[PDB]
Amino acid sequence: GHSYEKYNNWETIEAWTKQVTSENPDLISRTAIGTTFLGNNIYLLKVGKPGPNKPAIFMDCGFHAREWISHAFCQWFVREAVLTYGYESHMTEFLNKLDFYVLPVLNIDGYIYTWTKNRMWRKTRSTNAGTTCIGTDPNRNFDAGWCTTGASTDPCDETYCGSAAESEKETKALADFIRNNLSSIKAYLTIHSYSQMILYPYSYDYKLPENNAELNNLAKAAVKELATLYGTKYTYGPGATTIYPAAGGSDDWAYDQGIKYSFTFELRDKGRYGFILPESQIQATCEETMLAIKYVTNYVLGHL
């Protein structure tokens, strides 16, 4: 069975996407936006009070297989949306005015692999010509300074950038969806762990984005808000200087598509448990992250 306070395997998350939609058709629609290399269904949940010509925020989780708290957050977010709509004024306004496109797990094949074989797997599970080595790093696979820095051209490496930008079915599916909905998508949020950071462009170069001041102020306010709940301290800034250079990232790509609010979240912790964050921290991690996500949503909505 599914639990919001445990890590759930893909079979369970999939059944959950169907169940939560079936139980809340007036707040959620489910579509598949493509298949993974191994033929799993890439679900996208449109969360919001349905209506004509609404703006949108796009959020994905599960780019990287071992970052289990990421997957857990997208599920937590959806329950908060459906349970508090109509009761909590902010979420009610959010869902009335805009849609959240929530992609609960992008790299499903890798996620399944962390359950069945190797808990520390990161990449996709696609084959590579000429080698037995498996997988591409999805967050090096976007057309954003592709493979120019902080990425490897070797399929056997953890940061393999792929045979070409969008070579992976999963990243092509995500990019295709965003390109087809650029007019409506006002913010792009991509959830990773760990490090307790909010990052914004750029990661493929040390150059700063045109609205750097605004993004910094927004990130600063969001981390302050997150800390109000349990005292958890986040840092923030441009990807390249705040953590390390990493070309081909989805946040940089989305930004260069014209989505002016583009953020990578790095959730708990700072290395004590790393990727193996105990289930006993899921609730607190998700609740504080909610505050930051809602702060950003409120800001974006107020600036349309």
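The first residue of the sequence shown is number 1, and the count goes up from there.
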Check the entry's C-alpha temperature factors for 293-301 and 4-12, then say which stretch has the higher mean. 293-301
The stretch carrying the higher mean Cα B factor in the deposited entry, 214-222 or 70-78, is 214-222
Given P138, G130, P155, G110, identify the residue with the highest C-alpha B factor in the PDB entry. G130
Of the residues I191, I198, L95, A164, the one carrying the largest Cα B-factor as recorded: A164
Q281: C-alpha B-factor third of its chain, per the entry, is the lowest
How does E170 rank on Cα B-factor within its chain, lowest, middle or highest third? lowest
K46, C-alpha B-factor rank within chain (lowest, middle or highest third): lowest
Of the three thirds of its chain by CA temperature factor, lowest, middle or highest, which one includes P55? highest
Going by the entry, which third of its chain does the Cα temperature factor of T159 land in? middle
